[PDB]
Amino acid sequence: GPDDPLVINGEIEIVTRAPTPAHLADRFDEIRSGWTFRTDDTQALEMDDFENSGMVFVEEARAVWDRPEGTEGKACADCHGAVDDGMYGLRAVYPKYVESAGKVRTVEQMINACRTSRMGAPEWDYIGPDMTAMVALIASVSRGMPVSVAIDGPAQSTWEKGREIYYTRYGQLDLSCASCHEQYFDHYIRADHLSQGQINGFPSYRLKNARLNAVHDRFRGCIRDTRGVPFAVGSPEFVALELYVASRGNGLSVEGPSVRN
């Protein structure tokens, strides 16, 4: 049910309802995980990693983490240590301003920077399966930690660009993200129960397509489905939108990989 507690593996408390972030307080009485809009049967699939088909890909990425790839003969682990330590906390604070880049970066951009510049290995396609499994492994080791993305300082202009996109109507159907997820959350579009369109559970394992789904893949499909032209994955526009949408869920726990419709 919507107000039931989510615990994972009997061990990990997930905050699924939280006070609305100050920047969004005008619009919601509280913020809620997408988990809280799912039926009981689907909710149960996220409560035990043994039942969460998304975690099969995570276990594969755990092996990839230790596997040398690229001309330099190194594995992620050779520089970052055990993934449970070296990636701890990271999902909760990206996208963030990155000192070396003078820009807000996403986790995916960081991973590909190490692959190319430090490993001598091929970049992973931004929303492909290899990248999305690794981002899911990174999310999984911070489950239960509050999403805490900064929205001011050097990230402000990026956050503002994302806010602008969130409320811009797109496509011939002429809808913004807010049209559905802010104005009409808890309503239904056909059989789908509209959530607040949060991303604290990404990458999501969708029962519909039986794979992990990257944030920018979801975003692309949402603008497409307004009968519109999405921005490119990895584009400045979707990096901005991701920072902004992540901040609409500040205070909810990291949940990825979550199980969703």
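We number the residues from 1 along the sequence you see.
As recorded in the PDB entry, 12-20 is the stretch of 12-20 and 243-251 with the greater mean C-alpha temperature factor. Higher mean CA temperature factor, per the PDB entry, when comparing 132-140 with 114-122: 114-122. In the deposited coordinates, the residue among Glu46, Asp217, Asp40, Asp66 with the greatest CA B-factor is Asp66. Residues shown: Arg32, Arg224, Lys208, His193. Highest C-alpha temperature factor in the entry: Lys208. Remark: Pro146 belongs to the lowest third of its chain, ranked by C-alpha B-factor as recorded.
Per the PDB record, residue ranking by Cα B-factor puts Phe202 in the lowest third of the chain. Ranked by Cα temperature factor within the chain, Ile127 sits in the lowest third according to the deposited record. Ranked by Cα temperature factor within the chain, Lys161 sits in the middle third according to the deposited record. In the PDB entry, a CA B factor belonging to the lowest third of its chain's modelled residues is recorded for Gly256.
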